[PDB]
Each structure stands twice: as structure tokens, then as C-alpha cells.
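Encoded as C-alpha cells, the structure appears first; notes follow it.
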Amino acid sequence: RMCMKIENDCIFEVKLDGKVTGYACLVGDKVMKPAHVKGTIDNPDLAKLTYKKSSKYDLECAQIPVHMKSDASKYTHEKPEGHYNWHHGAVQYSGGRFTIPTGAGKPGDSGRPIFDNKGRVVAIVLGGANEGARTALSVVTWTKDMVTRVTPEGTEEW
Amino acid sequence: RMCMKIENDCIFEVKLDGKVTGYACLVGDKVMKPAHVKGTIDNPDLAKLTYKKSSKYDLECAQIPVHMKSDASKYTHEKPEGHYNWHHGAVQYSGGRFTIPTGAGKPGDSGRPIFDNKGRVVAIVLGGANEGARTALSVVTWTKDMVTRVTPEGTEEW
Amino acid sequence: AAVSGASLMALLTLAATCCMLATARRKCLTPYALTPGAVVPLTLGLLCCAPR
């Protein structure tokens, strides 16, 4: 349950054609969205913003309104080896790869945060590989200074 | 005791003229097969691969299929002095020399992993020498960065 | 005759350079392809035209 506060304070929906295409989140002072997720943000306070882009990191960011910084989630750059909490289950971080039981992550479903044992967001999940019983996440995650993208080959871009 | 749970699906058997000749193991994202182990893998998903073999390390490796990574064994570069696990008996490690009770080694049988006390593949056995009662193995160990084939004098490729 | 001979020596020496550089590439990069967790240092990957 412990992350259900940070989940609800961070997550925003991205929806189109009558269905949720994916999600956005308030991370630090950034609104995060995957660039492949098509649609509009549920909140006018975010939908009116103008965003940076990257086709390489597959990421969009904008500076969030000053009031929304009260709700925005605390982040971390650390990735100890082990497992991490997520909306559908516990993400394992085996050997530096985020991985999940197959069938947990759904089509769409991307842009969700992944949380550490302290509720800090550590990664954003894109699609994921059809890695047998243990689907592997395509993930965006940051160091002290730089964003990075991890992309297991055979990813299907859910 | 427990490592056979992992060995049963890291290993695939290599078969020639209708009989076993040795093994291949899924280690990380790569399948490890000795080059002296002639024949083909009993699994078409591995037999279809192209292997970047080398005569220096008596080894052939290929990037394993998208799904098979589900069941591939965790590796480590950690080689602490101590006790290690293997199919026919317990390995002892001594200053770099893996060693085994003589007669536990058998013709073929190359390509089995050695597991550490955490269930991680430390290296792949290739054979051993007639070091009296305590045969010493010519296992191909690996460092953080590089395979470092080990071979004692008097090896036979059992 | 002389031109065919010399141009064959030219092609053979070019092929020998190609085979020696290909052998150097194969000798250098193969350990990083064998080792299970490894990846080439990116500078060496640019130098040797690594396939990633």
C-alpha cells in the first residue's frame, strides 16, 4: 500500500479515442511523458504547457506549475540490486535490468513510475520485451546528471 | 543441492549421431558452448543461431532468443575463495584453481556451469587433469570484463 | 605480362592488408563477444567499427 500516496500524487492520465493511451507523472519539477504516448493530458494545468522532446530517450518534459510542485513526487538516482514496487507488482532489477512477470504490464500502460523501498521514483517504464515468463521493461532512468534509456531488444512498445 | 533447479533449464544438451556429446548453458544473454563439444543443440531455437567461436577460449557464444532470456542463469564475476556447486559433486576453489574429487569428471560432460553459494554461474567447466585424488579443472572462468580461459597442465578434455 | 603480374601483386597485397586488419579486429573484439556480461568500451567500438 505504501506507494499508493505517491502513485496518486504523481500519476496523471493520457487518454484518446475514448481510452487511456498511457500516463504522465510529476517527477521533481518535471512533468514526465513518453513521446510515443499519443493523446492529451487529463489536467489543463499540464496540457497547456510546452515540452522539450527527444526521439532518442523517447521522453517529454516540461517545468510544472509552481503549485503542482507541492504534489510532485520525490525522486532518486540510486539503483541498488533487488526489487522495486510498481502499479501491477514488484519489478525485479536483475543485473541492472528491470523485469516483471509477463502479463502484468498491459498494452499502453507506459509512463508509470517505478518506486524504491522509500517510495522515491527511480525509473519510468516504456514498453517491454516479450521476454517469455519474465518480460523485460524498456526504461528511462537518470544519474546525478543525465537521463538514460534502457531498451531490451525485442521490446513491444506498450 | 538446489542449483540443479537452475541447471535443468540453463543447460541444453549437445547431440551427435543420436547421442550426447556435452552441454550448452544460457549465461546472461549469451549461450556458452565449448568448441570441442561437436554436434548440434537438441533445441532448434539454439541450433538456428550463429556462434562467434574462438580457438583461444575453446568457446562458442551466441545472443540467445528474445524469449529464452526468461530462463537464462544469473552470472557473477565474483570468485571468492570457498565452496562451489556442480552436478557430480562439490567444487572447491583454491587461488584460481577449481578442483574436484577424481572420477567425478567424465567423458563429455563439458559445458556444465559451476554455481556459487548464491546460485550464480561463476564459470563453465571444460575438463580436468589427473591431479591425484583431487583433479583440477580447465574451466573457462570470466572477469568483470573478459573471459580468461584457465587450463592446468595434464588436462584431458573430459 | 608485366602489368598483369604487378597488378596481381597489388591485389594480393591489398587483400593481405584486408585480412590482417580483419584478423586484428577479430582478435580484439571476440573476447567482448564471448564474455556474457561484457560490452566493448565505446571508444574501441568506434575505432573497430563495432556492430552495436
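Because the Cβ atoms are built from the backbone with ideal geometry, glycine has one as well, and the counts that use them run over all protein chains shown. Derivation of every value follows stated rules applied to the coordinates shown; laboratory data play no part.
Some points to look at:
- Condition check for B:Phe12 on (1) touching a helix residue (DSSP H, G or I) at 6+ places or on another chain (Cβ under 7 Å); (2) surrounded by 17 or more Cβ atoms within 10 Å (Cβ to Cβ); (3) more than 14 Å from every other protein chain (Cβ to nearest Cβ); (4) farther than 13 Å from B:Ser110 by Cα: one failure, at (4).
- Cβ-Cβ distances below 7 Å connect the following pairs, each with a first residue in segment A:43-60 that is more than 27 Å from A:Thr148 (Cβ to Cβ), a second residue that is not basic (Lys, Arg), and a separation of six or more residues or different chains: A:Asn43/A:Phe12; A:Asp45/A:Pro65; A:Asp45/A:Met68; A:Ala47/A:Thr40; A:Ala47/A:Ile41.
- Selection status of B:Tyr57, away from chain A (no Cβ under 14 Å), in contact with a strand residue (DSSP E or B) (Cβ under 7 Å, 6 or more places away or on another chain) and closer than 19 Å to C:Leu34 by Cα: yes
- Residue ID - farthest from the chain's Cα centre (by Cα), chosen from residues in segment A:1-36 that are outside any strand (DSSP E or B) and touching a residue at least 60 places away in the same chain (Cβ under 8 Å): A:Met2
- Top-ranked residue of segment B:37-50 - restricted to ones that are touching a strand residue (DSSP E or B) at 6+ places or on another chain (Cβ under 8 Å) and in a loop (DSSP other than H, G, I, E, B), ranked as surrounded by the fewest Cβ atoms within 10 Å (Cβ to Cβ): B:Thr50
- Members of segment A:69-82 found to be under 24 Å from A:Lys144 (Cβ atoms) and away from chain B (no Cβ under 14 Å), listed by number: A:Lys69, A:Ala72, A:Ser73, A:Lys74, A:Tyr75, A:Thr76, A:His77, A:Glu78, A:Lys79, A:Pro80
- Failed condition for B:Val122, given (1) under 15 Å from B:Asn85 (Cα atoms); (2) surrounded by 16 or more Cβ atoms within 10 Å (Cβ to Cβ); (3) over 12 Å from the mean Cα position of the chain (by Cα): (3)
- Scanning segment A:1-38 for residues that are of a type in the set (D, E, K, R), out of contact with any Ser or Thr (no Cβ under 8 Å at 6 or more places or on another chain) and under 16 Å from A:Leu126 (Cα atoms) gives A:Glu13, A:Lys33.
- Only a single item in (1) under 30 Å from A:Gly96 (Cβ atoms); (2) buried (at least 17 other Cβ atoms within 10 Å of the Cβ); (3) not small (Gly, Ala, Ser) is not met by B:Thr135, and it is number (1).
- Residue under evaluation A:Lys53, criteria (1) of a type outside the set (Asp, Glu); (2) part of a strand (DSSP E or B); (3) touching a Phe, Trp or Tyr at 6+ places or on another chain (Cβ under 7 Å); (4) exposed (fewer than 14 other Cβ atoms within 10 Å of the Cβ), criterion not met: (3)
- Residues of segment B:119-129 satisfying the condition of being in contact with a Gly (Cβ under 7 Å, 6 or more places away or on another chain) and over 14 Å from B:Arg97 (Cβ atoms): B:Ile124
- Just so you know, in segment C:25-51 the residues that are loosely packed, with under 12 Cβ neighbours inside 10 Å and either acidic (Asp, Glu) or more than 14 Å from chain B (Cβ to nearest Cβ) (or both) include one that is nearest to the chain's Cα centre (by Cα), and it is C:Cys49.
Yes or no, residue by residue, for (1) aliphatic (A, V, I, L, M); (2) within 26 Å of B:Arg149 (Cα to Cα); (3) part of a helix (DSSP H, G or I); (4) in contact with an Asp or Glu (Cβ under 9 Å, 6 or more places away or on another chain):
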| site | (1), (2), (3), (4) |
| --- | --- |
| C:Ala6 | yes, no, yes, no |
| C:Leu11 | yes, no, yes, no |
| C:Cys18 | no, no, yes, no |
| C:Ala24 | yes, yes, yes, no |
| C:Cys28 | no, yes, yes, no |
| C:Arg52 | no, yes, no, no |
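- Checked against the criterion of being under 21 Å from B:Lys33 (Cα atoms) and touching a strand residue (DSSP E or B) at 6+ places or on another chain (Cβ under 6 Å), segment C:15-27 contains not a single residue that satisfies it.
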